[PDB]
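Structure file coords-v2.cif (mmCIF, C-alpha atoms and all ligand atoms) is printed below.
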data_data
#
loop_
_atom_site.label_atom_id
_atom_site.label_comp_id
_atom_site.auth_asym_id
_atom_site.auth_seq_id
_atom_site.Cartn_x
_atom_site.Cartn_y
_atom_site.Cartn_z
CA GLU A 1 -4.10 13.70 -19.02
CA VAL A 2 -6.08 11.95 -16.23
CA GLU A 3 -7.87 8.64 -16.97
CA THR A 4 -10.79 7.64 -14.69
CA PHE A 5 -11.77 3.99 -14.23
CA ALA A 6 -14.43 2.07 -12.37
CA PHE A 7 -13.31 -0.57 -9.88
CA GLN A 8 -14.52 -4.08 -10.73
CA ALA A 9 -17.81 -4.47 -8.78
CA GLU A 10 -16.33 -6.90 -6.21
CA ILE A 11 -13.46 -4.54 -5.41
CA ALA A 12 -15.91 -1.67 -4.90
CA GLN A 13 -17.92 -4.03 -2.62
CA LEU A 14 -14.73 -4.96 -0.71
CA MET A 15 -13.84 -1.30 -0.26
CA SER A 16 -17.34 -0.51 1.03
CA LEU A 17 -17.14 -3.35 3.58
CA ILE A 18 -13.80 -1.95 4.85
CA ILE A 19 -15.11 1.59 5.08
CA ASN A 20 -18.49 0.74 6.62
CA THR A 21 -17.94 -2.27 8.93
CA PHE A 22 -17.61 -1.40 12.61
CA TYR A 23 -14.12 -2.68 13.41
CA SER A 24 -11.77 -1.09 15.96
CA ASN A 25 -8.48 -2.95 15.30
CA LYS A 26 -7.51 -0.57 12.45
CA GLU A 27 -3.76 -0.67 13.11
CA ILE A 28 -3.35 -3.81 11.00
CA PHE A 29 -3.34 -1.63 7.84
CA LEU A 30 0.35 -0.94 8.38
CA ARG A 31 1.39 -4.58 8.58
CA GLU A 32 -0.50 -5.21 5.35
CA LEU A 33 1.21 -2.45 3.39
CA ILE A 34 4.64 -3.44 4.79
CA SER A 35 3.96 -7.06 3.76
CA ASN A 36 3.13 -5.93 0.20
CA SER A 37 6.34 -3.88 0.13
CA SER A 38 8.32 -6.90 1.39
CA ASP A 39 6.79 -9.07 -1.36
CA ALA A 40 7.68 -6.47 -4.03
CA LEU A 41 11.27 -6.38 -2.68
CA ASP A 42 11.52 -10.19 -2.81
CA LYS A 43 10.43 -10.00 -6.46
CA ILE A 44 13.09 -7.50 -7.54
CA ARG A 45 15.71 -9.35 -5.45
CA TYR A 46 14.85 -12.60 -7.30
CA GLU A 47 14.78 -11.04 -10.81
CA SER A 48 18.09 -9.33 -10.18
CA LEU A 49 19.83 -12.74 -9.54
CA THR A 50 19.61 -13.56 -13.27
CA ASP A 51 19.62 -9.95 -14.56
CA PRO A 52 21.77 -7.64 -12.37
CA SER A 53 20.98 -4.64 -14.64
CA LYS A 54 17.46 -4.61 -13.06
CA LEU A 55 19.26 -2.92 -10.07
CA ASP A 56 20.59 -0.04 -12.26
CA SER A 57 17.54 1.84 -10.87
CA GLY A 58 18.81 1.29 -7.27
CA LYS A 59 20.51 -1.56 -5.42
CA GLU A 60 19.14 -0.76 -1.90
CA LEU A 61 16.13 -2.96 -0.94
CA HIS A 62 14.28 -1.23 1.88
CA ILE A 63 11.07 0.24 3.27
CA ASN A 64 10.61 3.82 4.53
CA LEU A 65 7.71 5.06 6.75
CA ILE A 66 7.17 8.80 6.40
CA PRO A 67 4.69 10.58 8.67
CA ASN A 68 3.80 14.23 7.88
CA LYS A 69 1.61 16.00 10.44
CA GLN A 70 1.28 19.16 8.29
CA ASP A 71 -0.20 17.24 5.31
CA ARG A 72 -1.88 14.60 7.56
CA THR A 73 -0.27 11.81 5.51
CA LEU A 74 1.51 8.57 6.26
CA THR A 75 3.58 7.27 3.37
CA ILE A 76 4.95 3.71 2.97
CA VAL A 77 7.78 3.67 0.36
CA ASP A 78 9.66 0.68 -0.96
CA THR A 79 12.33 0.05 -3.61
CA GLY A 80 10.50 -3.10 -4.75
CA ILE A 81 9.72 -4.16 -8.31
CA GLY A 82 7.01 -1.55 -8.85
CA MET A 83 4.18 -1.67 -11.39
CA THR A 84 3.85 -0.85 -15.04
CA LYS A 85 0.72 1.13 -16.00
CA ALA A 86 -1.05 -2.16 -16.94
CA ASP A 87 0.01 -3.83 -13.62
CA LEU A 88 -1.25 -0.82 -11.70
CA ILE A 89 -4.72 -0.86 -13.29
CA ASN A 90 -5.03 -4.70 -13.05
CA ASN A 91 -3.74 -5.02 -9.48
CA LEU A 92 -5.65 -2.16 -7.93
CA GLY A 93 -8.75 -2.07 -10.14
CA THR A 94 -9.72 -5.72 -10.49
CA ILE A 95 -9.90 -9.02 -8.54
CA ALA A 96 -6.90 -10.24 -10.61
CA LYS A 97 -5.07 -13.00 -8.52
CA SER A 98 -6.64 -11.86 -5.25
CA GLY A 99 -8.91 -13.72 -2.87
CA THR A 100 -11.50 -10.86 -2.92
CA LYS A 101 -14.38 -13.34 -3.33
CA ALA A 102 -13.13 -15.72 -0.64
CA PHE A 103 -12.59 -12.84 1.81
CA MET A 104 -16.11 -11.44 1.49
CA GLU A 105 -17.53 -14.96 1.89
CA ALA A 106 -15.22 -15.51 4.95
CA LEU A 107 -16.53 -12.32 6.62
CA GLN A 108 -20.07 -13.79 6.43
CA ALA A 109 -18.76 -17.06 8.01
CA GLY A 110 -16.83 -15.91 11.12
CA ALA A 111 -13.65 -14.27 9.76
CA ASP A 112 -12.72 -10.73 10.74
CA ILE A 113 -11.05 -7.86 8.90
CA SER A 114 -7.62 -8.58 10.51
CA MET A 115 -7.45 -11.70 8.30
CA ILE A 116 -7.50 -9.65 5.09
CA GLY A 117 -3.83 -10.42 4.29
CA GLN A 118 -4.64 -14.15 3.94
CA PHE A 119 -6.68 -13.17 0.84
CA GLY A 120 -4.26 -11.08 -1.19
CA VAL A 121 -6.19 -7.81 -0.62
CA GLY A 122 -4.42 -6.35 2.41
CA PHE A 123 -3.78 -3.09 0.51
CA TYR A 124 -7.47 -2.18 0.84
CA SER A 125 -7.17 -2.10 4.64
CA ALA A 126 -5.61 1.35 3.97
CA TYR A 127 -9.27 2.54 3.79
CA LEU A 128 -9.67 1.73 7.48
CA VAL A 129 -7.59 4.86 8.17
CA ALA A 130 -7.38 6.91 4.96
CA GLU A 131 -10.02 9.00 3.20
CA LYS A 132 -7.85 8.98 0.06
CA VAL A 133 -4.96 6.79 -1.04
CA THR A 134 -2.40 7.78 -3.71
CA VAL A 135 -0.09 5.12 -5.14
CA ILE A 136 3.06 6.36 -6.99
CA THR A 137 4.91 3.54 -8.77
CA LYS A 138 7.89 3.03 -11.03
CA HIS A 139 8.78 -0.27 -12.72
CA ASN A 140 11.98 -0.68 -14.83
CA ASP A 141 9.80 -1.37 -17.95
CA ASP A 142 7.65 1.78 -17.79
CA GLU A 143 7.32 5.48 -16.76
CA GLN A 144 6.25 6.64 -13.29
CA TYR A 145 2.45 6.61 -12.63
CA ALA A 146 0.15 7.94 -9.95
CA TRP A 147 -3.04 6.03 -9.07
CA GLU A 148 -5.54 7.58 -6.67
CA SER A 149 -8.89 6.81 -5.10
CA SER A 150 -11.21 8.15 -2.43
CA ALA A 151 -13.37 5.02 -3.00
CA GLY A 152 -16.88 5.74 -4.30
CA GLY A 153 -16.37 3.17 -7.07
CA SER A 154 -13.70 4.95 -9.15
CA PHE A 155 -9.98 5.64 -9.33
CA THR A 156 -7.69 7.74 -11.53
CA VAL A 157 -4.36 7.07 -13.27
CA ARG A 158 -1.98 9.72 -14.63
CA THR A 159 1.70 9.93 -15.46
CA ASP A 160 3.69 11.36 -12.55
CA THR A 161 6.58 13.79 -13.24
CA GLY A 162 8.83 16.14 -11.23
CA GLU A 163 9.65 13.79 -8.30
CA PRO A 164 11.00 10.64 -9.99
CA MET A 165 11.73 7.57 -7.91
CA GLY A 166 14.42 5.17 -9.10
CA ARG A 167 12.11 2.14 -8.79
CA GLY A 168 9.38 0.96 -6.41
CA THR A 169 6.06 1.96 -4.91
CA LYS A 170 4.93 4.78 -2.61
CA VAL A 171 1.54 4.42 -0.85
CA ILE A 172 0.38 7.82 0.43
CA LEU A 173 -2.37 7.60 3.04
CA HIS A 174 -4.37 10.84 3.39
CA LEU A 175 -5.60 10.06 6.90
CA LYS A 176 -9.14 10.52 8.17
CA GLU A 177 -9.41 13.34 10.73
CA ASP A 178 -9.89 10.96 13.68
CA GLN A 179 -6.94 8.68 12.65
CA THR A 180 -4.01 10.99 13.36
CA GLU A 181 -2.54 8.63 15.98
CA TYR A 182 -0.89 6.91 12.97
CA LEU A 183 1.39 9.97 12.52
CA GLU A 184 2.85 9.66 16.02
CA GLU A 185 6.34 8.17 16.22
CA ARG A 186 5.56 6.12 19.35
CA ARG A 187 2.40 4.67 17.77
CA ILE A 188 4.11 3.68 14.50
CA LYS A 189 7.03 2.10 16.42
CA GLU A 190 4.61 0.12 18.56
CA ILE A 191 2.75 -1.21 15.50
CA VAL A 192 5.91 -2.11 13.60
CA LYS A 193 7.27 -3.98 16.65
CA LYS A 194 3.98 -5.81 17.22
CA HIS A 195 3.23 -6.85 13.63
CA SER A 196 6.25 -6.37 11.36
CA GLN A 197 9.24 -7.24 13.53
CA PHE A 198 10.43 -10.12 11.30
CA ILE A 199 10.32 -8.39 7.88
CA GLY A 200 13.55 -9.18 5.97
CA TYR A 201 14.33 -5.63 4.81
CA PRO A 202 15.22 -2.52 6.82
CA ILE A 203 12.19 -0.43 7.84
CA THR A 204 13.21 3.18 8.53
CA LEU A 205 10.79 5.38 10.42
CA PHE A 206 11.45 8.99 9.45
CA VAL A 207 11.49 11.72 12.10
CA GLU A 208 9.60 14.97 11.54
CA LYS A 209 11.53 18.20 10.94
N1 LIG B 301 4.77 -8.65 -5.26
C1 LIG B 301 4.71 -8.67 -6.58
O1 LIG B 301 4.67 -9.70 -7.27
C2 LIG B 301 4.76 -7.32 -7.23
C3 LIG B 301 3.45 -6.54 -7.07
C4 LIG B 301 3.54 -5.16 -7.72
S1 LIG B 301 4.64 -4.02 -6.80
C5 LIG B 301 3.67 -3.59 -5.44
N2 LIG B 301 4.29 -2.96 -4.43
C6 LIG B 301 3.57 -2.61 -3.35
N3 LIG B 301 4.13 -1.99 -2.35
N4 LIG B 301 2.26 -2.81 -3.32
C7 LIG B 301 1.62 -3.40 -4.36
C8 LIG B 301 0.21 -3.64 -4.35
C9 LIG B 301 -0.67 -2.55 -4.22
CL1 LIG B 301 -0.07 -0.91 -4.14
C10 LIG B 301 -2.06 -2.72 -4.17
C11 LIG B 301 -2.60 -3.98 -4.34
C12 LIG B 301 -1.76 -5.09 -4.52
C13 LIG B 301 -2.34 -6.37 -4.67
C14 LIG B 301 -1.51 -7.50 -4.76
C15 LIG B 301 -0.12 -7.38 -4.69
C16 LIG B 301 0.46 -6.10 -4.57
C17 LIG B 301 -0.34 -4.94 -4.50
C18 LIG B 301 -3.78 -6.49 -4.63
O2 LIG B 301 -4.43 -5.48 -3.85
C19 LIG B 301 -4.03 -4.17 -4.36
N5 LIG B 301 2.34 -3.79 -5.44
#

Spit out the file's structure as structure tokens when you get a sec.
Amino acid sequence: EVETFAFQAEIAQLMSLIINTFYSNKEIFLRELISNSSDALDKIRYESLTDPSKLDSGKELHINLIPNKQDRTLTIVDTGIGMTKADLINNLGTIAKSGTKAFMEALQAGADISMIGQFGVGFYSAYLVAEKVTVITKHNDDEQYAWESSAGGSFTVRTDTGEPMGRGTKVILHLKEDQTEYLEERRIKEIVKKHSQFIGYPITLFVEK
């Protein structure tokens, strides 16, 4: 069963701005997804202090970067808190706690797209480089779910079976044809060193077979 939803109007507008604005400094998408993964790891770390059983789904707190040249995908995986089905729809489909409104106003008043992470919507910078984004997530309180969107104002949610994660979130970027530099080991290393060198969890860059 696949459920299809419309993004809240302002999120669709935000996504269109990211896709259509001429803006060359696209590499910042990676810092933004790593920062979200770091935040999700801080959350599970904190919850586990009072309830150690929340780590029964995995004690390791880390971030993995997985390029795949054959599939033309870059995946950012974390063992963070993850999202229930309700969290997934709310967080990715609506303004929720984000600064979506402030960001679009800021862009009209001198801000630039690299400042997206100051507004709680850094995830959407994935659309600078990806034609489609799939988000696989597993929270201790729910089953595993797959969210997906190629923009256009809609997204889908379905249960995800056959490749269960212990806990966390996997953001799969189906790269645009002209954005394959983000699959190169040297490029990813350069971006991590430039923008994510102080993250408080191990970031492992996988090698291709
Ligand atoms: N940090 C927390 O309090 C837990 C948030 C849920 S777990 C999580 N993990 C990662 N890697 N990413 C997200 C995540 C995604 Cl995928 C996408 C969006 C998010 C937004 C805010 C916070 C987290 C996210 C708003 O913009 C959309 N959420």

Nearest to ligand LIG 301 (chain B), chosen from A:209, A:193, A:31, A:176, with only C-alpha atoms and all ligand atoms counted in the distances: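 So, comparing all the options, the nearest one is A:31.
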
Contacts to ligand LIG 301 (chain B) at 8 Å cut-off (all atoms listed in the file) as number ranges by chain: A: 33-43, 76-78, 80-83, 87-88, 91-93, 95-98, 120-124, 135, 137, 168-171

Atom-to-atom span, CA of residue 160 in chain A and CA of residue 139 in chain A, Å: 12.7 Å

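CA of residue 28 in chain A to CA of residue 181 in chain A spans 13.4 Å [interatomic distance, one decimal].
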
Per-axis box centre and lengths in Å around range 69-78 of chain A, 3 Å margin per side, axis-aligned, as AutoDock Vina command-line options:
--center_x 3.9 --center_y 9.9 --center_z 4.7 --size_x 17.5 --size_y 24.5 --size_z 17.4

Between CA of residue 11 in chain A and CA of residue 191 in chain A - distance in Å to one decimal: 26.7 Å

Residue with smallest distance to residue 12 in chain A - pool A:125, A:154, A:111, A:57, counting all atoms listed in the file: A:154

Pick from A:89, A:109, A:115, A:165 nearest to residue 58 in chain A, counting only C-alpha atoms: A:165

Option closest in space to residue 10 in chain A, from A:71, A:190, A:105, A:51 [counting only C-alpha atoms]: A:105

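By chain and then residue number, the residues within 6 Å of residue 147 in chain A are residues 134, 135, 156 and 157 of chain A, counting all atoms listed in the file and disregarding those fewer than 2 positions away in sequence.
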
Shortest interatomic distance to residue 172 in chain A - which of A:112, A:32, A:131, A:56, counting all atoms listed in the file: A:131

Point (16.9, -3.9, -0.8) neighbourhood (7 Å, only C-alpha atoms) written as number ranges by chain: A: 41, 59-62, 79, 201

Pick from A:183, A:146, A:203, A:129, whichever lies nearest to residue 26 in chain A using all atoms listed in the file: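 Among A:183, A:146, A:203, A:129, it is A:129 that comes nearest to residue 26 in chain A.
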
Contacts of residue 23 in chain A at 10 Å (all atoms listed in the file; same-chain gap of 5+ positions) as a ChimeraX atom specification: /A:18,112-114,128

Please save C-alpha atoms of the selected residues as a PDB file, in the coordinates of the input.
ATOM      1  CA  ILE A  18     -13.800  -1.950   4.850  1.00  0.00           C
ATOM      2  CA  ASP A 112     -12.720 -10.730  10.740  1.00  0.00           C
ATOM      3  CA  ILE A 113     -11.050  -7.860   8.900  1.00  0.00           C
ATOM      4  CA  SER A 114      -7.620  -8.580  10.510  1.00  0.00           C
ATOM      5  CA  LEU A 128      -9.670   1.730   7.480  1.00  0.00           C
TER       6      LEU A 128
END

Generate N, CA and C atoms for range 58-85 of chain A and emit them as a tab-separated table (two decimals), in the frame of the given file.
chain	number	residue	atom	x	y	z
A	58	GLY	N	18.60	1.26	-8.71
A	58	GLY	CA	18.81	1.29	-7.27
A	58	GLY	C	19.05	-0.09	-6.70
A	59	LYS	N	20.18	-0.26	-5.99
A	59	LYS	CA	20.51	-1.56	-5.42
A	59	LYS	C	19.90	-1.75	-4.02
A	60	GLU	N	19.65	-0.66	-3.28
A	60	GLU	CA	19.14	-0.76	-1.90
A	60	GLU	C	17.71	-1.30	-1.88
A	61	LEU	N	17.46	-2.35	-1.08
A	61	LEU	CA	16.13	-2.96	-0.94
A	61	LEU	C	15.65	-2.61	0.45
A	62	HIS	N	14.70	-1.67	0.56
A	62	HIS	CA	14.28	-1.23	1.88
A	62	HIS	C	12.89	-0.62	1.85
A	63	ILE	N	12.39	-0.34	3.05
A	63	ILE	CA	11.07	0.24	3.27
A	63	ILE	C	11.19	1.46	4.15
A	64	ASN	N	10.59	2.59	3.73
A	64	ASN	CA	10.61	3.82	4.53
A	64	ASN	C	9.19	4.19	4.95
A	65	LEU	N	9.01	4.63	6.21
A	65	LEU	CA	7.71	5.06	6.75
A	65	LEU	C	7.84	6.54	7.01
A	66	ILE	N	7.01	7.34	6.36
A	66	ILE	CA	7.17	8.80	6.40
A	66	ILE	C	5.91	9.47	6.90
A	67	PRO	N	5.87	9.86	8.17
A	67	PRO	CA	4.69	10.58	8.67
A	67	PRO	C	4.88	12.08	8.35
A	68	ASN	N	3.78	12.78	8.10
A	68	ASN	CA	3.80	14.23	7.88
A	68	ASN	C	2.57	14.82	8.52
A	69	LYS	N	2.73	15.42	9.70
A	69	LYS	CA	1.61	16.00	10.44
A	69	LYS	C	0.99	17.21	9.75
A	70	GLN	N	1.79	17.98	9.01
A	70	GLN	CA	1.28	19.16	8.29
A	70	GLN	C	0.31	18.76	7.18
A	71	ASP	N	0.64	17.70	6.41
A	71	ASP	CA	-0.20	17.24	5.31
A	71	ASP	C	-1.20	16.19	5.77
A	72	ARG	N	-1.05	15.69	7.00
A	72	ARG	CA	-1.88	14.60	7.56
A	72	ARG	C	-1.78	13.35	6.69
A	73	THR	N	-0.52	12.99	6.33
A	73	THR	CA	-0.27	11.81	5.51
A	73	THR	C	0.73	10.89	6.15
A	74	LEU	N	0.55	9.60	5.89
A	74	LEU	CA	1.51	8.57	6.26
A	74	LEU	C	1.85	7.89	4.97
A	75	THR	N	3.14	7.88	4.62
A	75	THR	CA	3.58	7.27	3.37
A	75	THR	C	4.45	6.03	3.64
A	76	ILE	N	4.17	4.94	2.90
A	76	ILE	CA	4.95	3.71	2.97
A	76	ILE	C	5.66	3.62	1.60
A	77	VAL	N	6.99	3.70	1.59
A	77	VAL	CA	7.78	3.67	0.36
A	77	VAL	C	8.65	2.44	0.33
A	78	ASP	N	8.74	1.78	-0.82
A	78	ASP	CA	9.66	0.68	-0.96
A	78	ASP	C	10.44	0.84	-2.27
A	79	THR	N	11.54	0.10	-2.37
A	79	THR	CA	12.33	0.05	-3.61
A	79	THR	C	12.12	-1.33	-4.28
A	80	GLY	N	10.88	-1.84	-4.17
A	80	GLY	CA	10.50	-3.10	-4.75
A	80	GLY	C	10.39	-3.03	-6.26
A	81	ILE	N	9.82	-4.06	-6.87
A	81	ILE	CA	9.72	-4.16	-8.31
A	81	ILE	C	8.88	-3.08	-8.96
A	82	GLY	N	7.87	-2.55	-8.24
A	82	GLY	CA	7.01	-1.55	-8.85
A	82	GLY	C	6.02	-2.15	-9.82
A	83	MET	N	5.22	-1.28	-10.45
A	83	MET	CA	4.18	-1.67	-11.39
A	83	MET	C	4.24	-0.87	-12.66
A	84	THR	N	4.05	-1.55	-13.78
A	84	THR	CA	3.85	-0.85	-15.04
A	84	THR	C	2.42	-0.25	-14.97
A	85	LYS	N	2.06	0.58	-15.97
A	85	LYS	CA	0.72	1.13	-16.00
A	85	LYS	C	-0.33	0.01	-16.01
